[PDB]
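Okay, so here's the structure we're looking at.
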There are 4 protein chains.
Amino acid sequence: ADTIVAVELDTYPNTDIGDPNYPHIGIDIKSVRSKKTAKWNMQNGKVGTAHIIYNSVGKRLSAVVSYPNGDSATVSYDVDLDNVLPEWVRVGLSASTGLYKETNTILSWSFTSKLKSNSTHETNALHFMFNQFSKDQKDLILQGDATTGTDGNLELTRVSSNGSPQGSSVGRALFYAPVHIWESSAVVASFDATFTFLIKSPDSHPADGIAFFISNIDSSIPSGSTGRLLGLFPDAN
Amino acid sequence: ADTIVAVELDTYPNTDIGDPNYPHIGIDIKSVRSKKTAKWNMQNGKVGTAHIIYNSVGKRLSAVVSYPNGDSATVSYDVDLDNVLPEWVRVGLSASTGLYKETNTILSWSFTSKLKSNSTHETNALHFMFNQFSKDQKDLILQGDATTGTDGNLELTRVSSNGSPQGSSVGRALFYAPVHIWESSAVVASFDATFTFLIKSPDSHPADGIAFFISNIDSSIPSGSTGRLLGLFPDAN
Amino acid sequence: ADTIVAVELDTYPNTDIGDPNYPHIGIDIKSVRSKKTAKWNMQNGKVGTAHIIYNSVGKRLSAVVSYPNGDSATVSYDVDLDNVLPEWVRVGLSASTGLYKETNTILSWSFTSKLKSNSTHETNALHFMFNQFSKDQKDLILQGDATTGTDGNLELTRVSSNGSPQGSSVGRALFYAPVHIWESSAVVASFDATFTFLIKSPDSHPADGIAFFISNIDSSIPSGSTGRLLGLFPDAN
Amino acid sequence: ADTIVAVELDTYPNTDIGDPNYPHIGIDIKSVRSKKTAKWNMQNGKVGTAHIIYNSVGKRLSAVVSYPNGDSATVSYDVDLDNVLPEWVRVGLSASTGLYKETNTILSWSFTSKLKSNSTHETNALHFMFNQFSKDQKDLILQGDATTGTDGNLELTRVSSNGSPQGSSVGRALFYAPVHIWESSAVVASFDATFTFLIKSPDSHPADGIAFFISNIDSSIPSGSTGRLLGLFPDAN
Ligand SMILES: CO[C@@H]1O[C@H](CO)[C@@H](O)[C@H](O)[C@@H]1O
Ligand SMILES: CO[C@@H]1O[C@H](CO)[C@@H](O)[C@H](O)[C@@H]1O
Ligand SMILES: CO[C@@H]1O[C@H](CO)[C@@H](O)[C@H](O)[C@@H]1O
Ligand SMILES: CO[C@@H]1O[C@H](CO)[C@@H](O)[C@H](O)[C@@H]1O
Ligand SMILES: [Ca+2]
Ligand SMILES: [Ca+2]
Ligand SMILES: [Ca+2]
Ligand SMILES: [Ca+2]
Ligand SMILES: [Mn+2]
Ligand SMILES: [Mn+2]
Ligand SMILES: [Mn+2]
Ligand SMILES: [Mn+2]
């Protein structure tokens, strides 16, 4: 299977697979069963912002999700990603719907990675920022139901022409270049990511969420990973 | 044929095909015959730095090459790259040797592209920085004789096991991700590139040069573009 | 007097001092009499974005102002700022009102300066970005009627508590740190700036405009520089 | 008294005042007695690199010091800097010598601060990078014996005309602009700092160390804070 690290914005409490019984943000290390969660007031129809930060020194993977009204949820988990992730990875966004649904609309997405060697000034870095997604976004690998160009937005899951979300959808966007996320010789490996999203559901309850993830370079949507699996895992192990 | 925009650090006067009779910096718009050149005193065995700068507002492509003792060569050329390059590109480094040779050693390579649209705050950006090239450097596409990892460097052309450069070599390094170099709705598209290089010819009779280039995404080294053609062009037209 | 370089967003045609007879963008080199202007459709009440770019290689100072509807005005002027500006400078925004008025509201402001030496990797850089201005913005020197903290915005000129603009107002905001804008030894000196603004007038015609400027470090509003003088010059010489 | 948060590269064990009995890296929260230290093998006459990293989400301040041969020391400490520093600060470098001495030579110094608020896209940022310090370097506040310009470096403490360091020296370099280190409404405040240093003791008996610090804006060198007090603290409490 793929190797996944993710920060999940999980809109739907799947308590059968260990979700807490509320919308929550979570840190997923090789399992959908968040090593750590925090309660999250997902505000239906509002533009939210997620920030993900890690460095190899502190070895603490941190995430915050906030809305303009100031409500914010945070989660941090101590993890040495050198021991989790392959040295080269891709990074992406993933979202799903199930039986319940929501738009999983990405308005913007940036990422910075840094690999600082002992050698003096010898930082390697990758940064990208998408504030506008075009129809044919060639630096983005779109997977599953992921489309771009739709209000300048990335729709990770299916939406109808009227902006109505479809259920049992999964989709992801990976940045095209492999990312060197750690290196033997590196003093500091550090990455941060930000994305802004608009999760809107006409249902009883929104589902299933958005995740920022780091995978093996050849990572693909696991079959069946709609719903609670968030486009990330083949199962709930 | 590929579409190439390049800045050439041309170490070998091929007067035969329109080079000036001295080592020079040149701007190459779809031809190895520079639209503009400037005399360049290549310092054998020294680390030089080339900067390349363009924005879509000023519509001037500028390049400078310097060495630590302060000596520098500059060339700039008015061109609207929107009329030249496709909307998506790859950017890269190329080098060649021919009858004569030199180390085409790249010690560092950074690049920033920005696309600032109309919509308000909607910059797309890419930036990468390589101060250290690794043996297997998955965000570079290595072409021809280009290799990475030998002293943390990118050797664009063949160097024998003892640091001794080889004739009739060509190699290139393209950043893996396509680059949105322009867009109709962008207010500003800008890019700048820096690389540091070590050109050493054991005889001080160097050939043929290094180039920063921008090409069609599927650019490959044209057949028999060693020597004066710098791995960029199929001929000297 | 101060030494001023500015990009003006000039909302009011003062043809007595050489303004073209329309709103225009302009490049001001030590005079309010733009060395170069372009017609500008200032859209009353809309959020506009100005981008200013220069580098020391191309020696072309470029500016674009755009609105979300895609209307954009550009101006570029060849100028070697090494010959204009002191080596250390401050950078800022300025705006004025006269007999006519407008809000001169700055929503955001960023600036990057870069000073790259021959010495290898030896960039100096300053970057700042204000997307939110607070009441007591200590990295900003506010001059004249300039206030911050008002919707998270910088109001360069007087506005009443109901957001109504006042005439015969001038104000500016300078970034606190001196900026090293050029250096003998530098291979590349380059700066860019962006700001977003909301110019709204209830009058017949808006006045007088917003400028991004670079001055001597001790620069202050010239007395009387409300109105067409834009907070920049003591007169129209 | 000033409020100091610092990372110390402490070259001289003052066991007397709680140093461990070896050269060490330390995190100093309002006291020269580090909350956390780590053993540091200072390499006489080599260029070392220190990285300091904090974000307000993870609430862990981490520092690493390395030398080109790969050897490195790391310390991290959970602290919420919002409860420690004022909202606005200056950031700087400090060094001292005492009975014993060393070059406290800074070759480069960069810093990034970000304040990411609630409002959507509303990052405030500051970044500066000094790879070259100039004789009159108007964006640094030089305090005590600190000087700039000698080999393009910042000598934090006195060095005789022949490169020979002096005892009982103190000096500091603060970036000129106040830094918005935190804000109540910010979702994320983060900062990171890097500097490269050359500590040379002709005898290999070095004292006293270099620190990266964050202080009240009006921080000055406390009286008799040469030696073990690193120009940071008025006493060793
Ligand atoms: C209750 O059934 C589920 O619906 C929720 C919301 O979609 C998902 O968590 C899950 O995987 C199924 O598809
Ligand atoms: C003399 O033949 C050439 O050698 C020079 C010097 O390398 C090149 O410019 C060229 O294309 C051929 O390979
Ligand atoms: C017509 O009088 C003027 O009003 C316009 C608009 O304010 C300004 O250009 C000028 O300086 C005076 O104050
Ligand atoms: C022995 O006296 C001290 O010298 C050492 C070594 O420099 C310092 O730590 C200290 O504060 C005094 O100056
Ligand atoms: Ca779930
Ligand atoms: Ca040639
Ligand atoms: Ca005017
Ligand atoms: Ca000590
Ligand atoms: Mn979950
Ligand atoms: Mn040529
Ligand atoms: Mn004018
Ligand atoms: Mn100590």
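At a glance:
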{"item": "Over 25 Å (Cα to Cα) - which of B:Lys116/C:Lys114; C:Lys35/C:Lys200; C:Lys116/D:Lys30; C:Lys114/D:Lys46; A:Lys39/D:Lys59; A:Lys59/D:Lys36 fall in this group", "result": "C:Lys35/C:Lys200; C:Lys116/D:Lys30; C:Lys114/D:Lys46"}
{"item": "Nearest-20 debye value, the range A:1-101 charge dipole, Cβ charges on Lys, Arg, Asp, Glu", "result": "180"}
{"item": "For the protein assembly as shown, size of Cβ-based charge dipole, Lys and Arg +1, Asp and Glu -1, in debye", "result": "40"}
{"item": "Estimated dipole of chain A in Debye, rounded to 20 [Cβ of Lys and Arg +1, of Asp and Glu -1, Cα centre]", "result": "260"}
{"item": "Shape category assigned to the range C:1-71 from the gyration tensor of Cα positions, a/c cut at 1.5", "result": "oblate"}
{"item": "Pseudo-label separations to other copies for D:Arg33 - Cα-to-Cβ vector, 7 Å, nm", "result": "4.5, 7.1, 8.0"}
{"item": "When the protein assembly as shown is reduced to its Cα atoms, the Kirkwood hydrodynamic radius in Å", "result": "28.9"}
{"item": "Per-copy distances of the D:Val84 label point, shortest first, in nm (7 angstrom along Cα→Cβ)", "result": "2.5, 4.5, 5.1"}
{"item": "For chain C, with +1 on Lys and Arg beta carbons and -1 on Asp and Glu, the positive-most of C:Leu232, C:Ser219, C:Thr123 along the dipole", "result": "C:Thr123"}
{"item": "Most positive-pole-ward Cα, A:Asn41, A:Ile53, A:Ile4, against dipole of the range A:1-66 from beta carbon charges", "result": "A:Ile53"}
{"item": "For the range A:91-107, Karplus couplings with θ = phi - 60° (6.51, -1.76, 1.60), whole Hz, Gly/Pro x", "result": "10, x, 10, 9, 8, 9, 10, x, 5, 9, 8, 5, 6, 10, 8, 10, 8"}
{"item": "Kirkwood hydrodynamic radius (C-alpha pairs) into Stokes-Einstein, the range B:38-90, 20 °C and 1.002 mPa s, D in µm²/s", "result": "169"}
{"item": "Cα-derived Rg over Rh, computed across chain D with Rh taken as Kirkwood radius", "result": "0.95"}
{"item": "Spacing of the two label points (7 Å from each Cα toward its C-beta) at D:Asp218 and C:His205, in nm", "result": "4.9"}
{"item": "Projected area averaged over orientations for the range B:54-140, convex hull of C-alpha atoms, nm²", "result": "9.1"}
{"item": "Size descriptor, Kirkwood hydrodynamic radius, that averages inverse alpha-carbon separations across the range D:117-237, Å", "result": "16.3"}
{"item": "10 Å beta-carbon shell around B:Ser164, net charge (K/R +1, D/E -1)", "result": "+3"}
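FYI, it's all coordinate maths here, none of it is from the lab. Positions of Cβ are backbone-derived with ideal geometry, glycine not excepted, and every protein chain shown enters the neighbour counts.
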